[PDB]
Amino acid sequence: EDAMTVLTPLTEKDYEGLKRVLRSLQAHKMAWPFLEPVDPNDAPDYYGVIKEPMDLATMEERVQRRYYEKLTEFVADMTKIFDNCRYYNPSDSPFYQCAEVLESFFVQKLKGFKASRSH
């Protein structure tokens, strides 16, 4: 990550862009596994092996409350969604596949956001 991602405080204008990025991911066809916290009745061992769970509804709550102070912190929570999924599930599972697709989409949208901050 470059300097302004790490170092620049998020302004109110930045927050309007973060809301747009988040809603784009929530609307993606492959986002279904990640919209809400993992249901323990689906996977009784999940919360014993994943130390720091994350999901898009938790990120929405955090955006609304202005939890994030730097872009790096927002990127770190999003990356945790995908890394948790690739650690828990095998590489041939549809869950793992969805993480691959949605992370690529996030990177496209994140590049767009970064370009819009400065010029």
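Residues carry their position along the shown sequence, with the first being 1. Take the two forms, superpose them, and find the largest set of C-alpha atoms that agree within 1.5 Å; that set is the rigid core.
Participant: Would you mind working out which of 38-46 and 82-90 sits farther from this form in 9 other deposited structures of this protein by RMS C-alpha distance, with the rigid core as the fit?
Facilitator: The more displaced stretch in 9 other deposited structures of this protein turns out to be 38-46.
Participant: Output the stretch, either 1-9 or 108-116, that has more C-alpha displacement from this form in 9 other deposited structures of this protein following superposition by the rigid core.
Facilitator: Result of the core-fitted comparison in 9 other deposited structures of this protein: 1-9 deviates more.
Participant: Quick one: say whether 54-62 or 33-41 has the higher mean Cα B-factor in the deposited entry.
Facilitator: Stretch with the greater average CA B-factor: 33-41.
Participant: Output the stretch having the higher mean C-alpha B factor in the entry; the candidates are 90-98 and 73-81.
Facilitator: Of 73-81 and 90-98, the stretch with the higher C-alpha B-factor average is 90-98.
Participant: Ordered by C-alpha B-factor within the chain, which third holds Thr11? Give me lowest, middle or highest, please.
Facilitator: For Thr11, the deposited C-alpha B-factor lands in the highest third.
Participant: Compare the C-alpha B factor of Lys109 with those of the other modelled residues in its chain, then answer lowest, middle or highest third.
Facilitator: Tercile = lowest for this residue's CA B-factor.
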